[PDB]
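To keep things clear, I will list the structure first and then write my remarks on it.
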Amino acid sequence: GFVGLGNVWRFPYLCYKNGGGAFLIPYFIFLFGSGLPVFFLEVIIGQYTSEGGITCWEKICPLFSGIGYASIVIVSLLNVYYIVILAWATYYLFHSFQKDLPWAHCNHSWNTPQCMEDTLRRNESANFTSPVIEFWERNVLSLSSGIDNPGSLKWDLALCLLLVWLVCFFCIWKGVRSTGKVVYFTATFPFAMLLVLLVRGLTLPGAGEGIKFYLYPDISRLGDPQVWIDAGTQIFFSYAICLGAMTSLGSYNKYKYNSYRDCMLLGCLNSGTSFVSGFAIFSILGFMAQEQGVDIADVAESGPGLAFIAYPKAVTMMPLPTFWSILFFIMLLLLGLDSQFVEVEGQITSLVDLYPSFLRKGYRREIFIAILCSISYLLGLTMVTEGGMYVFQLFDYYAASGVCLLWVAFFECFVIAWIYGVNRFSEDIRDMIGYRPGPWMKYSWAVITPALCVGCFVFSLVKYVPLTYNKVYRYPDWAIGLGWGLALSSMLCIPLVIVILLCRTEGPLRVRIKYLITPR
Amino acid sequence: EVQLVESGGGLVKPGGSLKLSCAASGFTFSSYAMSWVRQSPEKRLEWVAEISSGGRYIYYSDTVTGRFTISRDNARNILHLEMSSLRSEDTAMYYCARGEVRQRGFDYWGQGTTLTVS
Amino acid sequence: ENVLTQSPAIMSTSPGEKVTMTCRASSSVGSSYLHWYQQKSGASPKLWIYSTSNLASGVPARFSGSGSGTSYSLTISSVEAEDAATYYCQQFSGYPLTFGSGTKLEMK
Ligand SMILES: [Cl-]
C-alpha cells in the first residue's frame, strides 16, 4: 500500500518539471531529514492515542487540534483531484481495447496537420508534434488556452469519473476491499508492471541521456525555490503524511507494536519505488528525445501528463501494445483505487468521528457517503472541462501538495518537540515501541524538519515565482489566488482552531494557553 | 562509567515501611527508564517495579501491585522505592537495574542492599 | 504472568566443554526482547546477552545465543573457570517482566 500514483505518476513529472537531476538532492534531503521522521511521528501519534484524526490531538496538546481539520481539508481536496487522475486512467483504459492504440499513429480527427509519427521525425530534420502529446492534449485533456477559458464540460470524461466514483461508492461502505486476493495481485502486480516498464525503458536506444538528465544535477537549478518545495511535498505526498491516513492507520494497531522498522521499511520502499519509476520514465524520455531530435527537457509535458505520455509511448514500443496498455491502465486504476479507498475511508471515518450521533451508523451513514461522493464529483467536474488540466495543476500544486503540507508537517514537529517535548514523546515511544528514538528522529523533530519546512516556506515567498503549466502557460492572478485559497483552507485550519479554542476557554491568556497545551 | 549505588538496606518489622535509594551516576538519569529487581534468599530473581524515564509510566509486579511505590529524582539522579504493608515473604536482596531499551534489558545493575523481615 | 521455565539450576560440567541451556516461555516472546544475565556468587547480575543473540560489553565471543518465540538457548563454546555463575533468561516485552529460574554452572 506504499505504491501508487504519487510514486508512478507524481514524482516523474515533478522531477521533469524541476530539471531532473537537481530534483533528487532536496528529495533525499527531505526524505531523510523530514519525511521519514514525520512518517514515524504520525504513526506513533496514531498508535499512542487510540483514536485518530482530530481527537488524537487531545492527549497531544489540545491547543493545536486544528492539525486534524487541516488533514480533513487536505484529504478532501486530494480525493477530488486524485479521482480525476483515475478518470484520465479510465479514459485511457477504454481507449486501449483498439488494436492500434490512438496515441501510436498519426491519422485521426484530433491530430493537427503538424503531426508526424515518432519514428519518422528524425528523417525530417521544428513545429512537429508527437502523437502521444497530441492524443493526450486534444482527446483526453481536450486542452483549451487557459484556466480563464474553461471551454465546455467534456463528455465521457465525466462518465469515466462517474464510473470510478460508483466503484468508490460500491466498495467503501456498500462493500469491502481486497482481503484474500492481496497475495499475488494488487500488491505485486504494480511492482511487476513497473519492472516490465523499467526493463523496457533501460533497453531503449538513446535512454542513456535520459538517465543522465535524471541523475546528474543542475546546481544552478538548486537555487530555485520550486525544486525544494516540490521535493518536500512530493515526499509528504507519497507518504500521505499530512493526511490523517497514517494516524488512522496507527489507531488500528496494538499498543506495544513495533512501528519503527515497519515505518522505515514502508518509507524506504516507497521512495525506492519512486526512484525506480523515475528511472523507467526518464529512460523512456531519453529514448523519446533521441527519436524526435528535440531536447530531453522539451520532449514531453512538464506537468501531470508525463505518466500519460511516457508510459503510453513505451507501451507503443513494446511487443503486443494492446495487452500491455490494458494491463498498465488497470494497474493505474488499481493503485489509485486502493489509495482512494484508503483516503475516502479515512475522510469518512474522521468525519463521523468529528460528529458522533449527528450521522448515525447505518441508514444515515450510507446517505453521507453518497452526499460526500456527489460533492467531490461536482468539485471534480471543473477538472474534466476543456481547461480542466489547469484547474488540476492548480490543485496538485496548491490544494494538497504545497505549502499546506509543509505547514502541517512543521506544525506537527513543532508541537511535539517544543510543546509536548521530545523527551516526553520519547518516553511514550519507549513505552510503546520498546526504545526511545535516537538523535536522528529527536533532532529532526526538534530542528531539521521545522528548519527545512520554514526555510523552504520563506524561500518560496522571498524569491516568489508564479505557478506555470508545461513551462509556457503563465497562470492568471485570480487562478493563483484560488490556488492560494485552496492551500490556506488547509493552512488556516490550525490558527482558526487556536483562536476558537482561546475564545471558548475562560481566564487570562496564560491560563488559557496552559490549559490548552497540557494534554488530556 | 555507569554506577548505581543503592541505600536504605536494613531490618524492618512486618507490615512496616522502608525507603530504598538507588543513587545513580555516570549517565543521564532522565533519559533511561529504571527498575527495581529483588532476589529471594533461595536465589530467585524477581522484577519488582519499573518506572519510565520521565516518571510517568510506572509498572508493578503482581506481588507488589498495591503496596510498593517507585519514584525518581531526575534533578539529583536518585531512584527511590517507597514501601508499605511489607509482608513476611518480602525479605530479599534488592537491586536497582537500568533498563531503558526493552530489547537491551537491564544492562547496568546496582550494588547489593538486603531487606530482612523479622 | 509470562513464566519462563528455564533449564534446571544444578548443572555440573567440566571446563572446556560445549554446553547449552534452554529457556522455555509460557507465552511467546518476540525474540528481540529476551535477554540473558550472568550473576556470579555473591555479586550483582550483569547484562550478558541481549536481544537473544547479541553480546553485551565485556562478554567473550565464546558465548552465543539462539532461539525465537518460545524456546531460547544460551550456548558456551568452551567453559573456563570464570564462567561459573548463574544465568537468568529474561523476556522484557510483556509489561509483567519476568526472569527465568536458576541455571547455576558448577565445576567438576
Ligand atoms: Cl515519492
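Ordered as shown in the C-alpha cells, chains take letters A, B, and onward, while each chain numbers its residues from 1 and ligands are numbered from 1 in the order shown.
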Check: Any idea which chain C residues end up within 8 Å of chain B if we count only C-alpha atoms, as a list in words please?
Finding: residues 32, 33, 34, 35, 43, 44, 45, 46, 47, 48, 50, 51, 56, 88, 90, 92, 93, 95, 96, 97, 98, 99, 100, 101 and 102 of chain C
Output N, CA, C and O atoms for every residue in that selection, as a short mmCIF file (atom, residue, chain, number, x, y, z; two decimals), in the first residue's frame.
```cif
data_model
loop_
_atom_site.label_atom_id
_atom_site.label_comp_id
_atom_site.auth_asym_id
_atom_site.auth_seq_id
_atom_site.Cartn_x
_atom_site.Cartn_y
_atom_site.Cartn_z
N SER C 32 13.41 -10.35 20.06
CA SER C 32 14.28 -9.20 20.20
C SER C 32 14.23 -8.65 21.62
O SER C 32 14.91 -7.67 21.93
N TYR C 33 13.44 -9.29 22.49
CA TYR C 33 13.19 -8.81 23.83
C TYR C 33 13.64 -9.76 24.92
O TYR C 33 13.45 -9.45 26.10
N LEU C 34 14.20 -10.92 24.58
CA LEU C 34 14.64 -11.87 25.59
C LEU C 34 16.14 -11.73 25.79
O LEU C 34 16.92 -11.81 24.84
N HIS C 35 16.54 -11.54 27.05
CA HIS C 35 17.92 -11.27 27.42
C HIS C 35 18.41 -12.30 28.42
O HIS C 35 17.63 -12.97 29.09
N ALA C 43 27.59 -11.70 43.90
CA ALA C 43 27.72 -10.46 43.15
C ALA C 43 26.41 -10.13 42.47
O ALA C 43 25.46 -10.92 42.48
N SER C 44 26.36 -8.95 41.89
CA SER C 44 25.17 -8.49 41.20
C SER C 44 25.04 -9.16 39.84
O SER C 44 26.04 -9.61 39.27
N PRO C 45 23.83 -9.26 39.29
CA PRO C 45 23.70 -9.66 37.89
C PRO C 45 24.22 -8.58 36.97
O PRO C 45 24.29 -7.40 37.33
N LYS C 46 24.62 -8.99 35.78
CA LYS C 46 25.02 -8.06 34.74
C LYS C 46 24.46 -8.54 33.42
O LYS C 46 24.21 -9.74 33.25
N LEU C 47 24.22 -7.61 32.51
CA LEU C 47 23.73 -7.96 31.19
C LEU C 47 24.78 -8.76 30.45
O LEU C 47 25.96 -8.40 30.45
N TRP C 48 24.37 -9.88 29.87
CA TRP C 48 25.31 -10.80 29.27
C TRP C 48 25.01 -11.01 27.79
O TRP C 48 25.89 -10.84 26.94
N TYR C 50 21.86 -9.79 25.04
CA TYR C 50 20.63 -9.06 24.82
C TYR C 50 20.09 -9.30 23.41
O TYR C 50 20.86 -9.55 22.48
N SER C 51 18.76 -9.22 23.29
CA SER C 51 18.01 -9.50 22.06
C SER C 51 18.31 -10.89 21.52
O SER C 51 18.43 -11.08 20.31
N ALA C 56 26.77 -8.59 25.17
CA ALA C 56 26.99 -7.36 25.91
C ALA C 56 28.48 -7.04 25.98
O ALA C 56 29.34 -7.85 25.64
N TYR C 88 20.26 -16.21 34.14
CA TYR C 88 18.82 -15.98 34.11
C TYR C 88 18.42 -15.47 32.74
O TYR C 88 18.96 -14.46 32.27
N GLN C 90 15.45 -13.73 30.44
CA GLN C 90 14.52 -12.68 30.84
C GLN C 90 13.88 -12.06 29.61
O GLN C 90 14.54 -11.35 28.86
N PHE C 92 11.56 -9.16 28.12
CA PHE C 92 11.40 -7.81 28.64
C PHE C 92 10.37 -7.07 27.78
O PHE C 92 10.33 -5.84 27.76
N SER C 93 9.49 -7.82 27.12
CA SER C 93 8.45 -7.26 26.25
C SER C 93 7.12 -7.06 26.99
O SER C 93 6.59 -5.95 27.04
N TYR C 95 4.56 -6.41 29.86
CA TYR C 95 4.69 -5.50 31.00
C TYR C 95 4.75 -6.12 32.40
O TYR C 95 5.26 -5.44 33.30
N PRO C 96 4.25 -7.36 32.67
CA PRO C 96 4.78 -8.05 33.86
C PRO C 96 6.08 -8.75 33.54
O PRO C 96 6.08 -9.93 33.19
N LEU C 97 7.19 -8.02 33.65
CA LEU C 97 8.50 -8.53 33.25
C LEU C 97 8.94 -9.64 34.19
O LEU C 97 8.98 -9.46 35.41
N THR C 98 9.26 -10.80 33.63
CA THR C 98 9.62 -11.97 34.41
C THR C 98 11.01 -12.45 34.04
O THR C 98 11.38 -12.45 32.86
N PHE C 99 11.76 -12.87 35.04
CA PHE C 99 13.04 -13.53 34.83
C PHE C 99 12.83 -15.03 34.80
O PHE C 99 11.79 -15.55 35.21
N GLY C 100 13.84 -15.74 34.30
CA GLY C 100 13.82 -17.18 34.34
C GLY C 100 14.20 -17.70 35.71
O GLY C 100 14.43 -16.96 36.66
N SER C 101 14.28 -19.02 35.80
CA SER C 101 14.73 -19.67 37.02
C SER C 101 16.26 -19.68 37.05
O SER C 101 16.92 -19.01 36.26
N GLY C 102 16.84 -20.42 37.98
CA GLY C 102 18.28 -20.52 38.02
C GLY C 102 18.82 -21.47 36.97
O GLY C 102 18.15 -22.40 36.53
#
```
Check: Within 8 Å of ligand 1, counting only C-alpha atoms and all ligand atoms, which protein or nucleic acid residues do you find, written as number ranges by chain?
Finding: A: 6-7, 10-11, 234-239, 270-271, 273-275
Create the file for the chosen residues now, containing N, CA and C atoms and written as an mmCIF file, in the first residue's frame.
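So the final result, stored in result.cif, reads:
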```cif
data_model
loop_
_atom_site.group_PDB
_atom_site.id
_atom_site.type_symbol
_atom_site.label_atom_id
_atom_site.label_comp_id
_atom_site.auth_asym_id
_atom_site.auth_seq_id
_atom_site.Cartn_x
_atom_site.Cartn_y
_atom_site.Cartn_z
ATOM 1 N N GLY A 6 1.176 8.578 -6.563
ATOM 2 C CA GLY A 6 2.178 9.516 -6.091
ATOM 3 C C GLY A 6 3.600 9.087 -6.374
ATOM 4 N N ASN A 7 3.819 7.797 -6.623
ATOM 5 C CA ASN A 7 5.129 7.265 -6.966
ATOM 6 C C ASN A 7 5.308 7.118 -8.471
ATOM 7 N N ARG A 10 3.421 11.073 -9.975
ATOM 8 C CA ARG A 10 3.703 12.421 -9.491
ATOM 9 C C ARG A 10 5.191 12.729 -9.415
ATOM 10 N N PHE A 11 5.964 11.834 -8.809
ATOM 11 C CA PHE A 11 7.412 12.014 -8.764
ATOM 12 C C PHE A 11 8.059 12.121 -10.146
ATOM 13 N N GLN A 234 6.529 16.319 -2.398
ATOM 14 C CA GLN A 234 6.403 15.005 -3.015
ATOM 15 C C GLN A 234 6.674 13.899 -2.004
ATOM 16 N N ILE A 235 7.664 14.103 -1.127
ATOM 17 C CA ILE A 235 7.885 13.181 -0.010
ATOM 18 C C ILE A 235 6.661 13.122 0.897
ATOM 19 N N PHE A 236 6.125 14.284 1.270
ATOM 20 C CA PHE A 236 4.968 14.303 2.158
ATOM 21 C C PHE A 236 3.689 13.868 1.451
ATOM 22 N N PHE A 237 3.675 13.892 0.119
ATOM 23 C CA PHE A 237 2.534 13.440 -0.660
ATOM 24 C C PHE A 237 2.495 11.925 -0.742
ATOM 25 N N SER A 238 3.589 11.316 -1.211
ATOM 26 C CA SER A 238 3.610 9.872 -1.405
ATOM 27 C C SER A 238 3.551 9.111 -0.090
ATOM 28 N N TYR A 239 3.929 9.747 1.018
ATOM 29 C CA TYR A 239 3.725 9.155 2.330
ATOM 30 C C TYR A 239 2.325 9.404 2.863
ATOM 31 N N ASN A 270 8.781 2.981 -0.466
ATOM 32 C CA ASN A 270 8.041 3.970 -1.242
ATOM 33 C C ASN A 270 8.981 4.869 -2.036
ATOM 34 N N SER A 271 10.051 5.347 -1.396
ATOM 35 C CA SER A 271 10.996 6.209 -2.098
ATOM 36 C C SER A 271 11.803 5.442 -3.136
ATOM 37 N N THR A 273 10.566 2.875 -4.814
ATOM 38 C CA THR A 273 9.604 2.711 -5.898
ATOM 39 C C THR A 273 9.522 3.968 -6.753
ATOM 40 N N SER A 274 9.515 5.136 -6.105
ATOM 41 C CA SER A 274 9.544 6.396 -6.842
ATOM 42 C C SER A 274 10.824 6.534 -7.656
ATOM 43 N N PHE A 275 11.964 6.154 -7.074
ATOM 44 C CA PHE A 275 13.247 6.213 -7.776
ATOM 45 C C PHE A 275 13.274 5.281 -8.987
#
```
Notebook entry, point to check: Counting only C-alpha atoms, which residues from chain B have an atom at most 10 Å from any atom of chain A, and could you show them as a ChimeraX atom specification?
Noted result: /B:30-33,52-58,100-104
Notebook entry, point to check: Using the chain letters and numbers from this document, which residues of segment 273-378 of chain A does DSSP assign to helix (DSSP H, G or I), as a VMD selection string?
Noted result: chain A and resid 273 to 292 296 to 298 310 to 316 321 to 354 363 to 378
Next item on the list: Tell me, as a ChimeraX atom specification, which residues lie within 12 Å of segment 324-327 of chain A, counting only C-alpha atoms; anything in the same chain fewer than 3 positions away does not count.
Entry: /A:89-104,186,189-190,192-194,196-197,200,308,311-321,330-334
Check: Residues of segment 56-113 of chain B in strand (DSSP E) according to DSSP, as an MDAnalysis selection string?
Finding: chainID B and resid 58:60 68:73 78:83 92:98 108:109 113
I need the chosen residues saved as a compact mmCIF listing (two decimals), in the first residue's frame, with N, CA, C and O atoms.
```
# COMPACT_ATOMS: atom_id res chain seq x y z
N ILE B 58 4.56 3.83 35.12
CA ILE B 58 5.04 3.05 36.24
C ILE B 58 4.35 1.70 36.19
O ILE B 58 3.12 1.62 36.14
N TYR B 59 5.15 0.63 36.21
CA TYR B 59 4.62 -0.73 36.19
C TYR B 59 5.07 -1.47 37.44
O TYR B 59 6.18 -1.25 37.93
N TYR B 60 4.20 -2.34 37.95
CA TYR B 60 4.47 -3.09 39.16
C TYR B 60 4.25 -4.58 38.91
O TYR B 60 3.48 -4.97 38.03
N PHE B 68 3.76 -1.05 46.90
CA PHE B 68 5.09 -0.52 46.60
C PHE B 68 4.94 0.74 45.76
O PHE B 68 4.03 0.84 44.94
N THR B 69 5.84 1.69 45.97
CA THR B 69 5.79 2.97 45.26
C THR B 69 7.20 3.33 44.82
O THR B 69 8.07 3.57 45.66
N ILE B 70 7.41 3.39 43.51
CA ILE B 70 8.72 3.69 42.93
C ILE B 70 8.67 5.08 42.33
O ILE B 70 7.71 5.44 41.64
N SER B 71 9.68 5.89 42.63
CA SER B 71 9.75 7.26 42.16
C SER B 71 11.20 7.61 41.88
O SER B 71 12.12 6.96 42.39
N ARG B 72 11.41 8.63 41.07
CA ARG B 72 12.75 9.09 40.73
C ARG B 72 13.00 10.48 41.29
O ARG B 72 12.10 11.14 41.82
N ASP B 73 14.25 10.91 41.17
CA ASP B 73 14.66 12.29 41.43
C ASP B 73 15.61 12.64 40.29
O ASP B 73 16.83 12.45 40.41
N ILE B 78 18.71 10.25 41.71
CA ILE B 78 18.41 9.20 42.68
C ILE B 78 17.08 8.54 42.30
O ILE B 78 16.09 9.24 42.05
N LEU B 79 17.07 7.21 42.27
CA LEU B 79 15.84 6.43 42.17
C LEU B 79 15.41 5.96 43.55
O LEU B 79 16.22 5.44 44.32
N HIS B 80 14.13 6.13 43.86
CA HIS B 80 13.56 5.73 45.15
C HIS B 80 12.76 4.45 45.00
O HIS B 80 12.43 4.01 43.89
N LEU B 81 12.44 3.84 46.14
CA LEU B 81 11.46 2.76 46.20
C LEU B 81 10.81 2.82 47.58
O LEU B 81 11.33 2.25 48.54
N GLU B 82 9.68 3.52 47.67
CA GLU B 82 8.92 3.58 48.91
C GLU B 82 8.16 2.28 49.12
O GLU B 82 7.73 1.64 48.16
N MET B 83 7.98 1.90 50.38
CA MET B 83 7.32 0.65 50.72
C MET B 83 6.33 0.87 51.85
O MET B 83 6.47 1.78 52.67
N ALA B 92 14.40 -10.09 50.84
CA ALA B 92 15.02 -10.27 49.54
C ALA B 92 16.29 -9.44 49.48
O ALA B 92 16.71 -8.83 50.47
N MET B 93 16.90 -9.41 48.30
CA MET B 93 18.12 -8.67 48.04
C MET B 93 17.77 -7.75 46.87
O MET B 93 17.57 -8.22 45.75
N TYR B 94 17.66 -6.45 47.14
CA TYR B 94 17.06 -5.52 46.19
C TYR B 94 18.14 -4.83 45.36
O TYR B 94 19.02 -4.15 45.92
N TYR B 95 18.07 -5.00 44.05
CA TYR B 95 18.94 -4.30 43.11
C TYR B 95 18.12 -3.28 42.34
O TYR B 95 16.95 -3.53 42.01
N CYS B 96 18.72 -2.13 42.04
CA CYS B 96 18.17 -1.24 41.03
C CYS B 96 18.85 -1.54 39.71
O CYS B 96 20.07 -1.71 39.64
N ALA B 97 18.04 -1.68 38.66
CA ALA B 97 18.53 -2.09 37.35
C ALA B 97 18.11 -1.05 36.33
O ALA B 97 16.95 -0.63 36.30
N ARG B 98 19.06 -0.63 35.49
CA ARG B 98 18.79 0.37 34.47
C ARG B 98 18.36 -0.34 33.20
O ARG B 98 19.19 -0.85 32.45
N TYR B 108 22.78 -2.41 33.06
CA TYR B 108 23.57 -1.99 34.22
C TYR B 108 22.77 -2.26 35.48
O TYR B 108 21.62 -1.82 35.60
N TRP B 109 23.37 -2.99 36.42
CA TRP B 109 22.76 -3.30 37.70
C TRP B 109 23.49 -2.55 38.81
O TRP B 109 24.57 -2.00 38.61
N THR B 113 21.87 -4.29 48.51
CA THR B 113 21.30 -3.95 49.81
C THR B 113 20.24 -4.98 50.17
O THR B 113 19.34 -5.26 49.37
```
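Closest approach to residue 106 of chain C among C:70, C:20, C:52, C:86 is made by C:86 (distances from only C-alpha atoms).
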Next item on the list: Write out as a PyMOL selection string each polymer residue whose atoms come within 7 Å of segment 6-17 of chain B, counting only C-alpha atoms; drop sequence neighbours fewer than 4 positions from it.
Entry: chain B and resi 21-23+83-88+110-118
Write to file, as a PDB file, in the first residue's frame, the residues of the selection just made, with N, CA and C atoms.
```
ATOM      1  N   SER B  21      16.982   3.698  48.059  1.00  0.00           N
ATOM      2  CA  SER B  21      17.525   4.879  47.395  1.00  0.00           C
ATOM      3  C   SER B  21      18.647   4.434  46.463  1.00  0.00           C
ATOM      4  N   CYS B  22      18.326   4.281  45.182  1.00  0.00           N
ATOM      5  CA  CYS B  22      19.322   3.953  44.166  1.00  0.00           C
ATOM      6  C   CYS B  22      19.913   5.254  43.639  1.00  0.00           C
ATOM      7  N   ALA B  23      21.092   5.616  44.134  1.00  0.00           N
ATOM      8  CA  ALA B  23      21.776   6.828  43.701  1.00  0.00           C
ATOM      9  C   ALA B  23      22.631   6.495  42.486  1.00  0.00           C
ATOM     10  N   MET B  83       7.983   1.902  50.383  1.00  0.00           N
ATOM     11  CA  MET B  83       7.323   0.653  50.724  1.00  0.00           C
ATOM     12  C   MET B  83       6.326   0.866  51.853  1.00  0.00           C
ATOM     13  N   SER B  84       5.307   0.011  51.875  1.00  0.00           N
ATOM     14  CA  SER B  84       4.318  -0.030  52.941  1.00  0.00           C
ATOM     15  C   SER B  84       3.647  -1.392  52.889  1.00  0.00           C
ATOM     16  N   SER B  85       3.028  -1.771  54.017  1.00  0.00           N
ATOM     17  CA  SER B  85       2.333  -3.056  54.189  1.00  0.00           C
ATOM     18  C   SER B  85       3.242  -4.235  53.850  1.00  0.00           C
ATOM     19  N   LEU B  86       4.488  -4.147  54.305  1.00  0.00           N
ATOM     20  CA  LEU B  86       5.537  -5.085  53.920  1.00  0.00           C
ATOM     21  C   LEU B  86       5.312  -6.418  54.624  1.00  0.00           C
ATOM     22  N   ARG B  87       4.949  -7.440  53.852  1.00  0.00           N
ATOM     23  CA  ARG B  87       4.522  -8.721  54.397  1.00  0.00           C
ATOM     24  C   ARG B  87       5.733  -9.589  54.739  1.00  0.00           C
ATOM     25  N   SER B  88       5.468 -10.846  55.108  1.00  0.00           N
ATOM     26  CA  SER B  88       6.534 -11.735  55.562  1.00  0.00           C
ATOM     27  C   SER B  88       7.401 -12.213  54.404  1.00  0.00           C
ATOM     28  N   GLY B 110      22.871  -2.541  39.988  1.00  0.00           N
ATOM     29  CA  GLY B 110      23.413  -1.848  41.132  1.00  0.00           C
ATOM     30  C   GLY B 110      24.145  -2.777  42.082  1.00  0.00           C
ATOM     31  N   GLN B 111      24.530  -2.218  43.225  1.00  0.00           N
ATOM     32  CA  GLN B 111      25.154  -2.998  44.280  1.00  0.00           C
ATOM     33  C   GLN B 111      24.068  -3.533  45.212  1.00  0.00           C
ATOM     34  N   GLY B 112      24.473  -4.335  46.190  1.00  0.00           N
ATOM     35  CA  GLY B 112      23.546  -5.121  46.982  1.00  0.00           C
ATOM     36  C   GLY B 112      23.177  -4.461  48.301  1.00  0.00           C
ATOM     37  N   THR B 113      21.869  -4.295  48.513  1.00  0.00           N
ATOM     38  CA  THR B 113      21.301  -3.955  49.813  1.00  0.00           C
ATOM     39  C   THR B 113      20.235  -4.978  50.174  1.00  0.00           C
ATOM     40  N   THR B 114      20.321  -5.516  51.386  1.00  0.00           N
ATOM     41  CA  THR B 114      19.472  -6.619  51.817  1.00  0.00           C
ATOM     42  C   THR B 114      18.294  -6.096  52.627  1.00  0.00           C
ATOM     43  N   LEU B 115      17.097  -6.571  52.295  1.00  0.00           N
ATOM     44  CA  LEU B 115      15.904  -6.324  53.091  1.00  0.00           C
ATOM     45  C   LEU B 115      15.580  -7.586  53.879  1.00  0.00           C
ATOM     46  N   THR B 116      15.363  -7.429  55.182  1.00  0.00           N
ATOM     47  CA  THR B 116      15.177  -8.549  56.093  1.00  0.00           C
ATOM     48  C   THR B 116      13.848  -8.387  56.819  1.00  0.00           C
ATOM     49  N   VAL B 117      13.057  -9.456  56.856  1.00  0.00           N
ATOM     50  CA  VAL B 117      11.764  -9.467  57.531  1.00  0.00           C
ATOM     51  C   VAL B 117      11.895 -10.322  58.783  1.00  0.00           C
ATOM     52  N   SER B 118      11.550  -9.751  59.932  1.00  0.00           N
ATOM     53  CA  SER B 118      11.586 -10.487  61.191  1.00  0.00           C
ATOM     54  C   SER B 118      10.589  -9.917  62.194  1.00  0.00           C
TER      55      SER B 118
END
```
Next item on the list: Could you please determine the separation between atom CA of residue 516 of chain A and atom CA of residue 417 of chain A in Å, to one decimal place?
Entry: 16.1 Å
Margin query: One decimal, in Å: what's the spacing between atom CA of residue 151 of chain A and atom CA of residue 387 of chain A?
Written below: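 Taking atom CA of residue 151 of chain A and atom CA of residue 387 of chain A, their separation equals 6.1 Å.
With distances restricted to only C-alpha atoms, A:4 is the closest residue to residue 187 of chain A from A:4, A:120, A:231, A:85.
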Next item on the list: Excluding segment 65-69 of chain C and any residue of its chain fewer than 5 positions from it, enumerate the residues within 8 Å of it, using only C-alpha atoms, and give them as a list in words.
Entry: residues 28, 29, 30, 31, 49, 52, 53, 54, 74 and 75 of chain C
Preceding selection exported with N, CA, C and O atoms as a short mmCIF file (atom, residue, chain, number, x, y, z; two decimals), in the first residue's frame:
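Output file again_0.cif is given in full below:
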```cif
data_model
loop_
_atom_site.label_atom_id
_atom_site.label_comp_id
_atom_site.auth_asym_id
_atom_site.auth_seq_id
_atom_site.Cartn_x
_atom_site.Cartn_y
_atom_site.Cartn_z
N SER C 28 4.58 -16.19 24.25
CA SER C 28 5.53 -16.09 23.15
C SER C 28 6.26 -14.76 23.23
O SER C 28 5.63 -13.70 23.19
N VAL C 29 7.58 -14.82 23.34
CA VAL C 29 8.43 -13.64 23.38
C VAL C 29 8.85 -13.30 21.95
O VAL C 29 9.05 -14.19 21.12
N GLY C 30 8.98 -12.01 21.67
CA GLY C 30 9.23 -11.52 20.33
C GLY C 30 10.65 -11.65 19.82
O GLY C 30 10.96 -11.06 18.78
N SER C 31 11.54 -12.32 20.57
CA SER C 31 12.88 -12.73 20.16
C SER C 31 13.86 -11.59 19.94
O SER C 31 15.04 -11.83 19.65
N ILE C 49 23.77 -11.36 27.45
CA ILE C 49 23.29 -11.46 26.08
C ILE C 49 21.97 -10.71 25.99
O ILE C 49 21.07 -10.96 26.79
N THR C 52 18.57 -11.82 22.44
CA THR C 52 18.71 -13.28 22.38
C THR C 52 19.93 -13.75 21.59
O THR C 52 20.24 -14.94 21.61
N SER C 53 20.62 -12.85 20.90
CA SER C 53 21.81 -13.22 20.14
C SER C 53 23.01 -12.33 20.40
O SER C 53 24.13 -12.82 20.45
N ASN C 54 22.78 -11.02 20.57
CA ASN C 54 23.88 -10.07 20.67
C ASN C 54 24.61 -10.22 22.00
O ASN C 54 24.04 -10.68 22.99
N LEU C 74 21.08 -20.37 25.46
CA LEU C 74 22.40 -19.78 25.65
C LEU C 74 23.44 -20.88 25.48
O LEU C 74 23.29 -21.97 26.05
N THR C 75 24.47 -20.61 24.69
CA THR C 75 25.48 -21.62 24.37
C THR C 75 26.86 -21.07 24.65
O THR C 75 27.20 -19.97 24.20
#
```
Note to self: Can you tell me which residues surround residue 469 of chain A at a distance of at most 8 Å, considering only C-alpha atoms, apart from same-chain residues fewer than 4 positions away, and format the answer as an MDAnalysis selection string?
What the structure shows: chainID A and resid 302:303 390 393 473:475
Next item on the list: May I ask for the distance between atom CA of residue 306 of chain A and atom CA of residue 12 of chain A, given in Å to one decimal place?
Entry: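 Between these atoms lies a distance of 7.0 Å.
Distances to residue 416 of chain A were evaluated for A:451, A:446, A:462, A:198 using only C-alpha atoms, and the minimum falls at A:446.
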